[PDB]
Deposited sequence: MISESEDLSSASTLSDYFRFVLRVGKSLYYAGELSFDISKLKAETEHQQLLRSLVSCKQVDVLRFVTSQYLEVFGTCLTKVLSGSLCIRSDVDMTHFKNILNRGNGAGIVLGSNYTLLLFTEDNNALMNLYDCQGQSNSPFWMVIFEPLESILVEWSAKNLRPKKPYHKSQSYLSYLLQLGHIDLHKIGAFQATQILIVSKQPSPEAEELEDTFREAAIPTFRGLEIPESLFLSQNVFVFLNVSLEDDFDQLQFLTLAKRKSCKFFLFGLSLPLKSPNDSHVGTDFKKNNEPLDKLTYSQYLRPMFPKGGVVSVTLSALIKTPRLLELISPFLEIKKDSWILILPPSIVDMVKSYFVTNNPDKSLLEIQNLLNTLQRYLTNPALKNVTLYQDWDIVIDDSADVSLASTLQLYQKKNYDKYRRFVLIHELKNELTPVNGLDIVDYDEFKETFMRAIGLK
């Protein structure tokens, strides 16, 4: 402890050849009190292996993250091969570096104009070499620095680095063919850091890009349109006025953004309204057109793989109820006959794509039509991952307030548009 000098053997490179024994004046560190933990390590150290290297230019620009503690001229007690060690530093135009647990060392020659100034190296010249001691870097960092050779996921010259970073962040826009779009549409609540970062990504690719709640109808007409909804709209996306039009126009939809559930595609990038669709009917419709189910049955056959018809389990008791209400003095024998038809279309699994709402799926309302329209709306919110279109056949077209993403059509409309195929 009486020693004023940090004395060590200097070995270099993969061969760990011995360059010599050196000394470093640390007496200016013994007066201090902040770096006792550091000084104790310096003293007990008797050997220093210089295996890594960094150029002067890189130090001048990215070296400020280092915290300088002490700098001075090294003293050579023994010279085994210091000449060579000097030559390599000079040819490399940089400094050898050691990322220790308790300290960080830089070793360079006096010929290094750059580093002599970058660290105010003045005073006694004990030899051609100079050293600087910095505070250690976080264990985790030094570890990365050693594994800094090559990335697992390579960056492609043709992609913008901005997208590559998103890629690393588990938002792989290339996997979903985003960069072949003819138009990008971006929507989000505020503040919208991600949405406008996304705009940037695509503006870099020179793809026409628009962001906002109010999108002009003309932007959906392009050949390959992409619609990106930010996660902040995962529960309100049915408030976007343009949603149904978008679906009609063959747009591709995606949820994007950081999400924390526990707290091809990627984790923070998700498809919406992929294919197919759901069709449901209102009581007002079943009465205007009793044949409905057996009348749109053929459409369901064709779309047996991507479509389904969905009725509430209490649909028979629902019609009956509203049939008595509407017509209190209507005969009962007729009642059973109408009901048997529905029960038959449900009881007998004629079509495999005829499912029943779950009991907890039905949204309650005094009006059956409003109830069924609201249940389908809730179904879109919970199944936007399985089906694209959500169509509700209803007696009077302008009787129900429109739901974004849904098609509220009467039979004739459904007949000319959907059944024409």
- Compared with the full deposited sequence, the modelled chain skips 1-12, 276-296, 455-458
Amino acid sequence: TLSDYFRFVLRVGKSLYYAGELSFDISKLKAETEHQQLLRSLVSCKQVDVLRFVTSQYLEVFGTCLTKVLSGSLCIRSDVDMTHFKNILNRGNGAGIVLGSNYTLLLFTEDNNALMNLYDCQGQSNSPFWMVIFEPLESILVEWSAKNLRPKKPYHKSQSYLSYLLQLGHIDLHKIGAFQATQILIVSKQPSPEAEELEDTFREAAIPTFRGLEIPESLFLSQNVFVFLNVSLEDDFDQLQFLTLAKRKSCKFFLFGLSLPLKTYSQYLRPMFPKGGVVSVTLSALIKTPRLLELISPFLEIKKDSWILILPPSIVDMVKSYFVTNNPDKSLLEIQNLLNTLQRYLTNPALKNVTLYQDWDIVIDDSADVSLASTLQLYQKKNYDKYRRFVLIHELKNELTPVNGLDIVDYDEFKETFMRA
From here on, numbers count along this sequence of modelled residues.
- Query: Hey, which bit's got the bigger mean C-alpha B factor in the entry, 324-332 or 205-213?
  - Reply: 324-332
- State which stretch shows the higher mean Cα B factor in the entry: 88-96 or 338-346. 338-346
- Message: Among the choices 67, 37, 47, 377, identify the one whose CA B-factor in the record is greatest.
- Response: 37
- Query: From 25, 21, 412, 407, pick the one with the largest CA B-factor in the entry?
  - Reply: 412
- Task: Rank-wise, by C-alpha B-factor, drop residue 367 into the lowest, middle or highest third of its chain.
- Result: middle
- Task: Can you work out whether the C-alpha temperature factor of residue 263 puts it in the lowest, middle or highest third of the chain?
- Result: highest
- On the chain's distribution of Cα B-factors, residue 400 falls within the third called highest
- Message: Ranking every modelled residue in this chain by its Cα temperature factor as given in the entry, which third contains residue 175?
- Response: lowest
- Query: In terms of the CA temperature factor given in the entry, to which third of its chain does residue 31 belong: lowest, middle or highest?
  - Reply: highest
